[PDB]
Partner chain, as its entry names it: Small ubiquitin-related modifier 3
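Below sits a lone chain in structure tokens, taken as the form deposited without the partner chain.
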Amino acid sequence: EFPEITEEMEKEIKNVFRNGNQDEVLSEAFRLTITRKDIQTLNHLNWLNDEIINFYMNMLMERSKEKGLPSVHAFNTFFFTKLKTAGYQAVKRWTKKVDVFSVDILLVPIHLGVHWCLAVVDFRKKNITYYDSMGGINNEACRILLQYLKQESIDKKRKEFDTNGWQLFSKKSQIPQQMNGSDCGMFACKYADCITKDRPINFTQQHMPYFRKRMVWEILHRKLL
């Protein structure tokens, strides 16, 4: 059971996959821009680009904040890769005006080569979790995030981070797995959608053509269905 894309909605979708002004701004929000060219990476089995992922992640963050949902901060795609390669100093900056400790969930999209995955800090559950639709385990990435939270706590609030009961880990194939390499960004987005709603991750690989069509639609209306 999944909201339907009416006729109607497909017409809006088909229309934007058409050839035309590549610079045409289809959606503008969150400091970001979605063009015709960004939207096209959602087409067929194209690899998503960062603008789509970031834009989507910001929609989840915007949706958090409505009543009853856990509150969410989404880090932008470059954050982790700038953190892994350069350390805390190079990213400490990125969280001015943001108290990363006042939300329930932190979303961290992880770019490893051609591949996408996701880490999630859930402060309610006191744990840090890695999701890969290929089934890769990434121990390291969780530790790197823990270590970042530490240095952020010392820096933003003058206190050490309290690791008691905190659990760092990767989901094995307890999550639906990809078949199409190019769907990795879509699994990362959809993992985050369920998680930020506290809903079980119920879909599989077969829903991916539908999810691509839907995200085009959602992005264009800035409405999550």
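Take the two forms, find the largest set of C-alpha atoms that superpose within 1.5 Å, and that set is the rigid core. Residues that one form lacks are left out of the comparison. Residue numbers count along the first chain shown, from 1.
There is also a form deposited with the partner chain bound; it is not shown, and the following applies to it.
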task = Would you point out which of 192-200, 64-72, 158-166, 178-186 contains residues with a non-hydrogen atom within 4.5 Å of the partner chain in the deposited complex?
result = 178-186
ask   = Is there a heavy atom of residue 77 lying 4.5 Å or less from a heavy atom of the partner chain in the deposited complex?
value = yes
ask   = Though only this chain appears here, would residue 32 touch the partner chain in the deposited complex if you measure heavy atom gaps against 4.5 Å?
value = yes
ask   = Contact between residue 48 and the partner chain in the deposited complex at 4.5 Å, heavy atoms?
value = yes
task = Examine residue 22 and determine whether its closest non-hydrogen atom to the partner chain in the deposited complex is within 4.5 angstroms.
result = yes
ask   = Heavy atom within 4.5 Å of the partner chain in the deposited complex: which residues of 83-109 qualify?
value = 93, 94, 96, 97
query = For residues common to both forms, which consecutive runs of 3 or more show C-alpha displacement of 2 Å or more between this form and the one not shown upon rigid core superposition, listed in sequence order?
reply = 3-7
